[PDB]
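Each remark here refers to the structure printed beneath this line.
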Amino acid sequence: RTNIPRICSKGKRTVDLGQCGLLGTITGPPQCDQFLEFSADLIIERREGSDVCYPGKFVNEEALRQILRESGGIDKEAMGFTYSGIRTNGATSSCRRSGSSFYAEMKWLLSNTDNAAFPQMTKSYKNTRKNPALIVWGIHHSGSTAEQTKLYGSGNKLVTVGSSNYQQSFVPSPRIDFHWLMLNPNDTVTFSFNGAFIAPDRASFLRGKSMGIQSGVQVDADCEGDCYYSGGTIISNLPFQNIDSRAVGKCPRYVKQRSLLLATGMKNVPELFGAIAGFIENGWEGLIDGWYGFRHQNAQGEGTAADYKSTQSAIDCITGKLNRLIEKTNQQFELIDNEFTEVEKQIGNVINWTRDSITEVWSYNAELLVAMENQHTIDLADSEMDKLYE
Amino acid sequence: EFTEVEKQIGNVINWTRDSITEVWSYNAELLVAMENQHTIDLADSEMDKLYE
Amino acid sequence: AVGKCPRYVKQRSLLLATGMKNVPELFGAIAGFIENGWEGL
Amino acid sequence: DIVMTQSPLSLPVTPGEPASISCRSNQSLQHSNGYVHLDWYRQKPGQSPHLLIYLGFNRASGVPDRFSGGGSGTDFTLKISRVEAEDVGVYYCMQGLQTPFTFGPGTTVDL
Amino acid sequence: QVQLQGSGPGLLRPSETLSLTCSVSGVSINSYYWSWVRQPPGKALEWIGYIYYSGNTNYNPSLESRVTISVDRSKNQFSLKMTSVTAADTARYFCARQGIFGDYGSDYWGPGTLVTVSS
Ligand SMILES: *[C@@H]1O[C@H](CO)[C@@H](O)[C@H](O)[C@H]1NC(C)=O
Ligand SMILES: *[C@@H]1O[C@H](CO)[C@@H](O)[C@H](O)[C@H]1NC(C)=O
Ligand SMILES: *[C@@H]1O[C@H](CO)[C@@H](O)[C@H](O)[C@H]1NC(C)=O
Ligand SMILES: *[C@@H]1O[C@H](CO)[C@@H](O)[C@H](O)[C@H]1NC(C)=O
């Protein structure tokens with residue numbers, strides 16, 4: 001139940017985006033200039049972080065965020081495009097960096113003069129490196145026919161892309177949307193645009209295996225960063241939690257229960273095998289032997305002893321059981337659902353229903369496990385009593 | 001496997017499959033453990049009855 | 001796996017102890033007053 | 001190695017006339033994207049050349065409208081609407097589908 | 001719009017190792033991958049081979065053992081080194097980028113580095 005309300009991640013590489021967004025760090029807004037080409041095993045995206053400065057949204061959005069969590073950092077490979085014969089700078093009033101500044105690693109391809117023809121440049125790039133390439137591009141919806149005719153000229157606008165696994169076509173709707181793509185090695189990612197195309201400048205490449213965070217607390221590197229949640233870091237050997245069912249990382253199993261206590265000691269009666277409450281009526285305090293014991297009382301040599309021979313074997317059995325169960329699994333959960341920007345309602349209802357049923361079965365497994373292990377410990381300690389008696 | 005599904009439903013499917021994998025693996029571990037204990041008790045109880 | 005299939009696990013190989021406890025040369029008095037077994041049985 | 005064949009050899013063209021030069025390959029030029037990898041550079045004698053047509057049959061950036069070489073399959077033909085003073089040049093047909101990037105014997109166009 | 005510029009020895013005796021250099025602006029050998037070509041005296045233009053900005057090289061099968069291209073990433077220039085120079089290697093080396101590799105912007109042929117074998 002107890003959590004540390006800081007992102008305590010000493011010893012492994014960490015990036016605090018803050019105002020930066022993780023969908024930002026591909027695009028390069030003014031809030032991600034120092035995190036444009038980051039490289040770490042952690043991403044901390046905050047609630048206040050906006051991924052774009054110009055208004056707009058990502059199409060196929062949560063899946064792209066789930067890819068960029070699993071990146072290990074980004075190695076931006078400089079895509080070799082030049083765009084000869086057209087204007088490149090398209091800085092808008094919405095983004096502020098030393099005045100007018102657009103995205104650093106894309107380009108608003110705009111005509112040289114207003115109300116003029118847009119040459120139909122059909123760009124192409126090949127992934128020479130033996131790694132999948134994250135290719136991004138953006139489409140600027142005009143918002144009106146006047147802005148379309150002023151910027152990209154009159155007439156209908158048709159922009160298409162093309163790959164071996166992606167030949168899906170676009171049209172502007174008379175306010176920039178970005179659309180990602182997986183580019184295989186030895187494959188070509190051919191664009192074809194007639195204006196209203198935020199052309200990319202550099203290609204995104206994954207580095208390793210990062211596991212990201214969505215929270216609001218600050219970063220304070222002092223711990224080992226095993227498991228995380230939306231308000232800090234929870235690190236323990238305990239197999240179950242109660243704080244948040246959306247914990248991402250090497251995280252314990254969420255339960256509906258408040259706190260399930262495993263009876264790691266034996267049945268106690270203060271002042272199920274047979275005679276736990278039999279001729280040996282009640283437990284007696286004057287004995288120091290552990291979670292078992294053989295207290296002594298005499299008539300000529302009165303004093304308390306301890307039968308360490310079976311007791312230490314019993315403690316080794318209980319501690320081996322403890323190290324078996326408190327051993328946490330190696331499974332790595334990911335951040336499927338989002339708490340800052342909500343997912344689509346139907347898929348989110350499926351996700352909540354699946355997650356609630358998973359917590360039902362894990363809570364019932366935890367309750368039944370605690371119950372059977374309590375019965376196992378009591379029956380075991382009664383069995384060492386019985387074998388001592390015989 | 002031949003042609004991948006779209007990534008959101010694919011991640012939902014993989015998360016569901018890994019969760020069901022955890023449930024069945026943990027149930028199999030429990031079943032093996034307590035049925036090994038039940039075999040030990042079902043080996044020892046009638047030996048105790050032979051003894052008495 | 002597709003069809004009437006076994007259940008997937010993460011473990012390499014789980015083994016169910018069909019036989020009894022072995023003490024070569026949890027219930028009460030297992031290997032107690034008798035010490036060990038003998039192969040001639 | 002893809003031998004690129006240029007047709008014809010020389011054009012003693014008269015001023016103001018449509019002039020068309022073709023270039024055939026023994027291998028059909030068609031990139032996976034569907035945009036044929038073929039170019040139409042023109043070398044000014046004793047100097048650095050200049051691309052006139054790119055990606056099979058596409059008007060090149062900063063290139064006069066007269067040049068609009070088309071073609072299809074394995075045989076592509078650069079065409080010019082009129083003949084002018086700057087027209088003089090040894091035209092080369094670049095492939096680009098595979099490596100080697102072969103060119104052409106050249107077309108010595110003159111008045 | 002990049003600007004290409006070439007330089008190197010002109011009067012060169014045969015058999016020894018040839019030196020060449022070529023300076024560029026703008027792209028700075030940081031994004032697109034360039035290449036080298038060879039034009040024998042008023043003969044057929046040939047393609048020496050391309051070099052990735054990362055460094056991976058791919059020369060023309062015709063001549064491969066006698067040709068090596070310098071990456072030179074830090075400096076804003078890429079050089080060429082040809083071994084076993086011959087009267088056949090007499091040529092007018094051009095330094096450039098091409099359409100078909102992925103950039104669709106002209107070629108920016110660099111100035112001709114005319115070479116000779118003399119004696
Ligand atoms: C990509 O193509 C090149 C050139 O044919 C080849 O050398 C390389 O092995 C290919 N990549 C893979 C992963 O096979
Ligand atoms: C899923 O549950 C969370 C909290 O349990 C809630 O905030 C979210 O809105 C739910 N999803 C949908 C689509 O309603
Ligand atoms: C689901 O997981 C399998 C392997 O566990 C992987 O091959 C597949 O790509 C994953 N699905 C998606 C959509 O990534
Ligand atoms: C074209 O002809 C040359 C000449 O020998 C030959 O080497 C090459 O393989 C031929 N290409 C095709 C595709 O037939």
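Here, A, B, ... name the chains of the structure tokens in the order displayed, residue numbers run from 1 inside each chain, and ligands are numbered from 1 in the same displayed order.
For residue 50 in chain D, the list of residues within 12 Å, based on only C-alpha atoms and with local chain neighbours fewer than 5 positions off taken out, reads residues 39, 40, 41, 42, 43, 44, 45, 60, 61, 62, 63, 89, 90, 91, 92, 93 and 94 of chain D; 96, 97, 98, 99, 105, 106, 107, 108, 109 and 110 of chain E.
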Expected file: the selected residues, N, CA and C atoms, as a short mmCIF file (atom, residue, chain, number, x, y, z; two decimals), in the first residue's frame:
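Output file result_4.cif is given in full below:
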data_model
loop_
_atom_site.label_atom_id
_atom_site.label_comp_id
_atom_site.auth_asym_id
_atom_site.auth_seq_id
_atom_site.Cartn_x
_atom_site.Cartn_y
_atom_site.Cartn_z
N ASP D 39 16.47 8.87 -66.00
CA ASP D 39 16.69 10.34 -66.06
C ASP D 39 17.16 10.76 -67.45
N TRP D 40 17.16 12.07 -67.72
CA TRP D 40 17.63 12.59 -69.03
C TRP D 40 18.58 13.77 -68.81
N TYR D 41 19.82 13.50 -68.39
CA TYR D 41 20.82 14.58 -68.18
C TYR D 41 21.28 15.12 -69.54
N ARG D 42 21.82 16.35 -69.56
CA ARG D 42 22.38 16.91 -70.82
C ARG D 42 23.72 17.58 -70.50
N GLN D 43 24.81 17.09 -71.09
CA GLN D 43 26.16 17.67 -70.80
C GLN D 43 26.46 18.80 -71.78
N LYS D 44 26.70 20.00 -71.27
CA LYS D 44 27.14 21.10 -72.17
C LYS D 44 28.58 20.79 -72.56
N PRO D 45 28.95 20.76 -73.86
CA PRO D 45 30.30 20.36 -74.28
C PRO D 45 31.41 21.02 -73.45
N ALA D 60 11.48 18.21 -64.68
CA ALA D 60 12.47 18.40 -63.60
C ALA D 60 12.35 19.80 -62.99
N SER D 61 12.78 19.95 -61.74
CA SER D 61 12.73 21.28 -61.07
C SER D 61 13.67 22.25 -61.79
N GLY D 62 13.20 23.48 -62.03
CA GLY D 62 14.03 24.49 -62.73
C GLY D 62 14.39 24.04 -64.14
N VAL D 63 13.45 23.43 -64.86
CA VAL D 63 13.71 22.94 -66.24
C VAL D 63 12.65 23.51 -67.19
N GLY D 89 23.68 20.15 -77.01
CA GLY D 89 24.18 19.43 -75.83
C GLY D 89 24.20 17.93 -76.07
N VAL D 90 25.19 17.23 -75.51
CA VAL D 90 25.23 15.74 -75.63
C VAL D 90 24.31 15.16 -74.55
N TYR D 91 23.12 14.70 -74.94
CA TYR D 91 22.13 14.20 -73.96
C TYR D 91 22.51 12.79 -73.49
N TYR D 92 22.39 12.54 -72.19
CA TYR D 92 22.69 11.19 -71.64
C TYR D 92 21.42 10.63 -70.99
N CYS D 93 21.14 9.35 -71.22
CA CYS D 93 19.96 8.71 -70.58
C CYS D 93 20.43 7.86 -69.40
N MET D 94 20.21 8.34 -68.17
CA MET D 94 20.62 7.59 -66.96
C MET D 94 19.53 6.59 -66.60
N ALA E 96 29.75 14.53 -57.73
CA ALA E 96 28.33 14.86 -57.81
C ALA E 96 27.45 13.95 -56.97
N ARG E 97 26.16 14.26 -57.02
CA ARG E 97 25.05 13.48 -56.48
C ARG E 97 24.05 13.27 -57.61
N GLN E 98 23.21 12.24 -57.51
CA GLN E 98 22.36 11.86 -58.63
C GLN E 98 20.91 11.62 -58.20
N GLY E 99 20.01 11.79 -59.17
CA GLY E 99 18.60 11.43 -58.98
C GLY E 99 18.41 9.94 -59.20
N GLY E 105 16.67 16.30 -56.71
CA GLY E 105 17.08 17.68 -56.98
C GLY E 105 18.31 17.74 -57.86
N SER E 106 18.10 17.91 -59.16
CA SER E 106 19.23 18.09 -60.11
C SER E 106 20.34 17.08 -59.86
N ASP E 107 21.56 17.57 -59.64
CA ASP E 107 22.73 16.67 -59.54
C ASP E 107 23.89 17.46 -58.94
N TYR E 108 23.94 18.76 -59.25
CA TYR E 108 25.04 19.61 -58.75
C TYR E 108 26.39 18.99 -59.14
N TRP E 109 26.58 18.68 -60.43
CA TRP E 109 27.90 18.18 -60.88
C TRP E 109 28.97 19.17 -60.43
N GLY E 110 30.04 18.68 -59.80
CA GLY E 110 31.16 19.56 -59.42
C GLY E 110 32.10 19.79 -60.59
#
Which chains and residue numbers are within 6 Å of ligand 2, counting only C-alpha atoms and all ligand atoms, if I want them as a PDB file with N, CA, C and O atoms, in the first residue's frame?
ATOM      1  N   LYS A 345     -13.850   5.134 -27.094  1.00  0.00           N
ATOM      2  CA  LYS A 345     -14.707   4.706 -25.990  1.00  0.00           C
ATOM      3  C   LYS A 345     -14.974   3.204 -26.008  1.00  0.00           C
ATOM      4  O   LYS A 345     -14.994   2.568 -24.949  1.00  0.00           O
ATOM      5  N   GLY A 348     -11.772   1.385 -25.138  1.00  0.00           N
ATOM      6  CA  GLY A 348     -11.537   1.658 -23.730  1.00  0.00           C
ATOM      7  C   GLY A 348     -12.454   0.874 -22.811  1.00  0.00           C
ATOM      8  O   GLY A 348     -12.044   0.456 -21.727  1.00  0.00           O
ATOM      9  N   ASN A 349     -13.708   0.669 -23.223  1.00  0.00           N
ATOM     10  CA  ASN A 349     -14.611  -0.164 -22.436  1.00  0.00           C
ATOM     11  C   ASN A 349     -14.179  -1.623 -22.463  1.00  0.00           C
ATOM     12  O   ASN A 349     -14.272  -2.317 -21.445  1.00  0.00           O
ATOM     13  N   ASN A 352     -11.144  -1.691 -20.062  1.00  0.00           N
ATOM     14  CA  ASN A 352     -11.553  -1.683 -18.660  1.00  0.00           C
ATOM     15  C   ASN A 352     -12.237  -2.979 -18.255  1.00  0.00           C
ATOM     16  O   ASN A 352     -12.031  -3.453 -17.137  1.00  0.00           O
TER      17      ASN A 352
END
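Residues of protein or nucleic acid lying within 10 Å of ligand 1, counting only C-alpha atoms and all ligand atoms, are residues 127, 128, 129, 130, 131, 184, 185, 186 and 187 of chain A; 98 and 99 of chain D; 58 of chain E.
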Selected residues, N, CA and C atoms, written as a JSON list (two decimals), in the first residue's frame, please.
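New file part_10.json:
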[["chain", "number", "residue", "atom", "x", "y", "z"],
["A", 127, "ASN", "N", 15.40, 2.78, -46.67],
["A", 127, "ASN", "CA", 16.00, 2.40, -45.40],
["A", 127, "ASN", "C", 17.19, 1.47, -45.64],
["A", 128, "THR", "N", 18.39, 2.05, -45.76],
["A", 128, "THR", "CA", 19.57, 1.23, -46.03],
["A", 128, "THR", "C", 19.99, 0.43, -44.81],
["A", 129, "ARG", "N", 19.78, 0.97, -43.62],
["A", 129, "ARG", "CA", 20.21, 0.30, -42.40],
["A", 129, "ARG", "C", 19.30, -0.88, -42.08],
["A", 130, "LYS", "N", 19.87, -1.89, -41.43],
["A", 130, "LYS", "CA", 19.14, -3.12, -41.10],
["A", 130, "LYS", "C", 18.36, -2.93, -39.80],
["A", 131, "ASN", "N", 17.35, -2.06, -39.88],
["A", 131, "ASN", "CA", 16.49, -1.74, -38.76],
["A", 131, "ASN", "C", 15.21, -1.14, -39.31],
["A", 184, "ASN", "N", 10.27, -1.02, -43.52],
["A", 184, "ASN", "CA", 11.14, -2.17, -43.43],
["A", 184, "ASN", "C", 12.52, -1.84, -44.00],
["A", 185, "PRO", "N", 13.56, -2.58, -43.60],
["A", 185, "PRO", "CA", 14.85, -2.44, -44.27],
["A", 185, "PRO", "C", 14.77, -2.90, -45.72],
["A", 186, "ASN", "N", 15.59, -2.25, -46.56],
["A", 186, "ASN", "CA", 15.61, -2.43, -48.02],
["A", 186, "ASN", "C", 14.23, -2.19, -48.63],
["A", 187, "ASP", "N", 13.52, -1.19, -48.11],
["A", 187, "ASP", "CA", 12.21, -0.81, -48.61],
["A", 187, "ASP", "C", 12.19, 0.70, -48.79],
["D", 98, "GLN", "N", 19.08, -0.18, -61.04],
["D", 98, "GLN", "CA", 20.07, -1.04, -60.34],
["D", 98, "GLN", "C", 21.47, -0.43, -60.41],
["D", 99, "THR", "N", 22.42, -1.02, -59.68],
["D", 99, "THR", "CA", 23.83, -0.53, -59.70],
["D", 99, "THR", "C", 24.67, -1.50, -60.54],
["E", 58, "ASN", "N", 29.85, 1.33, -52.50],
["E", 58, "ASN", "CA", 29.41, 0.40, -53.56],
["E", 58, "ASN", "C", 29.94, 0.91, -54.91]]
If you run DSSP over the backbone, which residues in chain D end up strand (DSSP E)? Put them as a PDB file with C-alpha atoms, in the first residue's frame.
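Output contents, as saved in out.pdb:
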ATOM      1  CA  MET D   4      21.544   1.238 -72.131  1.00  0.00           C
ATOM      2  CA  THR D   5      20.862   1.857 -75.869  1.00  0.00           C
ATOM      3  CA  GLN D   6      20.419   5.491 -77.071  1.00  0.00           C
ATOM      4  CA  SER D   7      18.406   6.337 -80.237  1.00  0.00           C
ATOM      5  CA  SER D  10      22.889  12.882 -83.854  1.00  0.00           C
ATOM      6  CA  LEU D  11      20.175  15.500 -84.575  1.00  0.00           C
ATOM      7  CA  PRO D  12      21.201  18.337 -86.995  1.00  0.00           C
ATOM      8  CA  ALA D  19      13.032  17.157 -81.382  1.00  0.00           C
ATOM      9  CA  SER D  20      12.613  13.722 -79.715  1.00  0.00           C
ATOM     10  CA  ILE D  21      15.495  11.451 -78.533  1.00  0.00           C
ATOM     11  CA  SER D  22      14.747   7.915 -77.238  1.00  0.00           C
ATOM     12  CA  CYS D  23      16.710   5.471 -75.040  1.00  0.00           C
ATOM     13  CA  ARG D  24      15.841   1.752 -74.741  1.00  0.00           C
ATOM     14  CA  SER D  25      17.154  -0.708 -72.118  1.00  0.00           C
ATOM     15  CA  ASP D  39      16.695  10.339 -66.055  1.00  0.00           C
ATOM     16  CA  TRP D  40      17.629  12.589 -69.026  1.00  0.00           C
ATOM     17  CA  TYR D  41      20.818  14.577 -68.184  1.00  0.00           C
ATOM     18  CA  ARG D  42      22.382  16.908 -70.817  1.00  0.00           C
ATOM     19  CA  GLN D  43      26.156  17.665 -70.802  1.00  0.00           C
ATOM     20  CA  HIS D  50      22.462  19.231 -66.115  1.00  0.00           C
ATOM     21  CA  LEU D  51      19.468  16.903 -65.470  1.00  0.00           C
ATOM     22  CA  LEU D  52      16.523  17.804 -67.787  1.00  0.00           C
ATOM     23  CA  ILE D  53      13.960  15.014 -66.991  1.00  0.00           C
ATOM     24  CA  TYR D  54      13.744  12.894 -63.790  1.00  0.00           C
ATOM     25  CA  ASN D  58       8.461  14.030 -64.916  1.00  0.00           C
ATOM     26  CA  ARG D  59       9.244  17.740 -65.557  1.00  0.00           C
ATOM     27  CA  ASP D  75      11.858   2.369 -74.077  1.00  0.00           C
ATOM     28  CA  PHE D  76      11.563   6.031 -72.932  1.00  0.00           C
ATOM     29  CA  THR D  77      11.702   9.059 -75.285  1.00  0.00           C
ATOM     30  CA  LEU D  78      12.694  12.608 -74.196  1.00  0.00           C
ATOM     31  CA  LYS D  79      10.839  15.184 -76.362  1.00  0.00           C
ATOM     32  CA  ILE D  80      11.482  18.956 -76.849  1.00  0.00           C
ATOM     33  CA  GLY D  89      24.182  19.426 -75.832  1.00  0.00           C
ATOM     34  CA  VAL D  90      25.232  15.739 -75.634  1.00  0.00           C
ATOM     35  CA  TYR D  91      22.131  14.201 -73.955  1.00  0.00           C
ATOM     36  CA  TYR D  92      22.690  11.194 -71.637  1.00  0.00           C
ATOM     37  CA  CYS D  93      19.964   8.709 -70.576  1.00  0.00           C
ATOM     38  CA  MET D  94      20.618   7.592 -66.962  1.00  0.00           C
ATOM     39  CA  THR D 107      23.215  12.541 -78.567  1.00  0.00           C
ATOM     40  CA  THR D 108      25.218  15.376 -80.229  1.00  0.00           C
ATOM     41  CA  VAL D 109      22.331  17.747 -81.182  1.00  0.00           C
ATOM     42  CA  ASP D 110      23.333  20.754 -83.330  1.00  0.00           C
TER      43      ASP D 110
END
List as a short mmCIF file (atom, residue, chain, number, x, y, z; two decimals) with N, CA and C atoms, in the first residue's frame the protein and nucleic acid residues lying within 12 Å of ligand 4, with only C-alpha atoms and all ligand atoms counted.
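Produced file result_35.cif, reproduced below:
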data_model
loop_
_atom_site.label_atom_id
_atom_site.label_comp_id
_atom_site.auth_asym_id
_atom_site.auth_seq_id
_atom_site.Cartn_x
_atom_site.Cartn_y
_atom_site.Cartn_z
N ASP D 1 25.21 -5.39 -64.77
CA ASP D 1 25.53 -4.46 -65.84
C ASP D 1 24.39 -4.43 -66.85
N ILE D 2 23.78 -3.26 -67.01
CA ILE D 2 22.64 -3.08 -67.90
C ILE D 2 23.10 -2.16 -69.03
N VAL D 3 23.28 -2.73 -70.22
CA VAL D 3 23.65 -1.90 -71.40
C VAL D 3 22.45 -1.03 -71.78
N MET D 4 22.64 0.29 -71.79
CA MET D 4 21.54 1.24 -72.13
C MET D 4 21.74 1.68 -73.58
N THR D 5 20.71 1.53 -74.42
CA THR D 5 20.86 1.86 -75.87
C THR D 5 20.21 3.21 -76.17
N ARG D 24 16.45 3.05 -75.12
CA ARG D 24 15.84 1.75 -74.74
C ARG D 24 16.81 0.99 -73.84
N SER D 25 16.28 0.14 -72.97
CA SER D 25 17.15 -0.71 -72.12
C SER D 25 16.88 -2.17 -72.46
N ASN D 26 17.84 -3.06 -72.18
CA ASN D 26 17.53 -4.50 -72.39
C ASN D 26 16.85 -5.04 -71.13
N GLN D 27 16.59 -4.18 -70.14
CA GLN D 27 15.82 -4.59 -68.94
C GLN D 27 14.74 -3.53 -68.68
N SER D 28 13.48 -3.96 -68.53
CA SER D 28 12.38 -3.00 -68.28
C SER D 28 12.67 -2.20 -67.01
N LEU D 29 12.60 -0.87 -67.10
CA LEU D 29 12.92 -0.01 -65.93
C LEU D 29 11.62 0.33 -65.19
N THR D 74 10.38 -0.32 -71.26
CA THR D 74 11.86 -0.30 -71.29
C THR D 74 12.36 0.78 -72.26
N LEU D 97 17.66 2.03 -61.94
CA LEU D 97 16.91 0.91 -61.34
C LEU D 97 17.88 0.06 -60.51
N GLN D 98 19.08 -0.18 -61.04
CA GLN D 98 20.07 -1.04 -60.34
C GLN D 98 21.47 -0.43 -60.41
N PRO D 100 25.04 -1.15 -61.79
CA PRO D 100 25.62 0.16 -62.09
C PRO D 100 24.64 1.20 -62.63
N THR D 102 24.16 3.11 -65.26
CA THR D 102 24.70 3.34 -66.63
C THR D 102 24.09 4.58 -67.28
N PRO E 61 31.11 -2.67 -60.58
CA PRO E 61 31.83 -3.92 -60.81
C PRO E 61 32.96 -3.79 -61.84
N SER E 62 32.74 -3.01 -62.91
CA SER E 62 33.77 -2.86 -63.97
C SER E 62 35.14 -2.62 -63.35
#
| task | Please check which protein, DNA or RNA residues sit within 8 Å of ligand 3, counting only C-alpha atoms and all ligand atoms, and write them as a ChimeraX atom specification. | result | /B:1,4-11,13-14
Put those residues in a file: C-alpha atoms, as a tab-separated table (two decimals), in the first residue's frame.
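The result, stored in part_13.tsv:
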chain	number	residue	atom	x	y	z
B	1	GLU	CA	1.46	-13.88	-38.29
B	4	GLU	CA	0.05	-8.05	-39.03
B	5	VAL	CA	-3.15	-6.62	-37.58
B	6	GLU	CA	-3.38	-2.93	-36.81
B	7	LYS	CA	-1.36	-1.93	-33.82
B	8	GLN	CA	-3.97	-0.88	-31.22
B	9	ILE	CA	-6.07	-4.07	-31.39
B	10	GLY	CA	-2.80	-5.97	-31.79
B	11	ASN	CA	-1.45	-4.58	-28.52
B	13	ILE	CA	-4.65	-8.86	-28.09
B	14	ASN	CA	-1.03	-9.30	-26.98
| message | Would you compute the distance between CA of residue 85 in chain E and CA of residue 57 in chain E? Give it in Å to one decimal. | response | 20.4 Å
| task | For chain A, list the residues within 8 Å of chain C, counting only C-alpha atoms, and write the list as a PyMOL selection string. | result | chain A and resi 380+383-384+386-387
| field | From D:111, D:83, D:55, D:88, residue lying nearest chain E [only C-alpha atoms] | value |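 The shortest atom-to-atom distance to chain E comes from D:55.
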| request: Please determine the contact residues of chain A with respect to chain E at a cut-off of 8 Å, counting only C-alpha atoms, and supply them as a PyMOL selection string. | output: chain A and resi 77-84+123-126
Show which residues sit within 12 Å of residue 98 in chain A, as a PDB file with N, CA, C and O atoms, in the first residue's frame. Count only C-alpha atoms, and ignore same-chain residues fewer than 5 positions away.
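So around24.pdb came out as:
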ATOM      1  N   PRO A  30       8.940  23.652 -30.240  1.00  0.00           N
ATOM      2  CA  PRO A  30       9.841  24.456 -29.392  1.00  0.00           C
ATOM      3  C   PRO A  30      10.028  23.927 -27.976  1.00  0.00           C
ATOM      4  O   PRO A  30      11.012  24.299 -27.326  1.00  0.00           O
ATOM      5  N   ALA A  91       7.358  28.828 -41.018  1.00  0.00           N
ATOM      6  CA  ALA A  91       7.149  29.093 -39.600  1.00  0.00           C
ATOM      7  C   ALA A  91       5.851  29.852 -39.357  1.00  0.00           C
ATOM      8  O   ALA A  91       5.540  30.820 -40.055  1.00  0.00           O
ATOM      9  N   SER A  93       2.718  31.477 -36.532  1.00  0.00           N
ATOM     10  CA  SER A  93       2.617  32.319 -35.346  1.00  0.00           C
ATOM     11  C   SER A  93       2.325  31.518 -34.084  1.00  0.00           C
ATOM     12  O   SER A  93       2.513  32.040 -32.980  1.00  0.00           O
TER      13      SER A  93
END
| Interatomic distance, CA of residue 221 in chain A to CA of residue 254 in chain A (Å, one decimal) | 25.5 Å
| field | Selection near residue 197 in chain A, 8 Å with only C-alpha atoms, sequence-local residues under 2 positions removed, as a PyMOL selection string | value | chain A and resi 108-109+137-140+159+193-195+199
C-alpha atoms of the current selection, written as a compact mmCIF listing (two decimals), in the first residue's frame:
# COMPACT_ATOMS: atom_id res chain seq x y z
CA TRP A 108 6.16 23.12 -44.15
CA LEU A 109 6.54 22.85 -47.91
CA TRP A 137 4.76 13.06 -42.29
CA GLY A 138 2.11 15.69 -41.72
CA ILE A 139 -0.83 17.03 -43.70
CA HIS A 140 -1.98 20.62 -43.22
CA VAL A 159 -1.24 13.76 -51.54
CA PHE A 193 2.43 15.47 -52.76
CA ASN A 194 0.58 18.35 -54.43
CA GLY A 195 0.89 20.80 -51.56
CA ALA A 199 7.48 17.19 -45.34
| Contacts of residue 49 in chain E within 6 Å, only C-alpha atoms, excl. fewer than 3 positions in-chain, as an MDAnalysis selection string | chainID E and resid 35:36 58:60
Restricted to C-alpha atoms, what would the selected residues look like written as a PDB file, in the first residue's frame?
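Listing of part.pdb after writing:
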ATOM      1  CA  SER E  35      29.201   9.213 -55.338  1.00  0.00           C
ATOM      2  CA  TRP E  36      31.989   9.640 -57.950  1.00  0.00           C
ATOM      3  CA  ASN E  58      29.406   0.398 -53.565  1.00  0.00           C
ATOM      4  CA  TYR E  59      31.719   0.852 -56.608  1.00  0.00           C
ATOM      5  CA  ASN E  60      30.949  -0.203 -60.236  1.00  0.00           C
TER       6      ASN E  60
END
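Here CA of residue 116 in chain E is placed at a distance of 20.6 Å from CA of residue 65 in chain E.
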| field | Distance query range 15-24 of chain B at most 10 Å, only C-alpha atoms, self and fewer than 6 positions along chain excluded, as a list in words | value |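 The contact residues come out as residues 329, 331, 332, 333, 334, 335, 336, 351, 354, 355, 358, 361, 362 and 365 of chain A; 9 and 30 of chain B; 7, 8, 9 and 10 of chain C.
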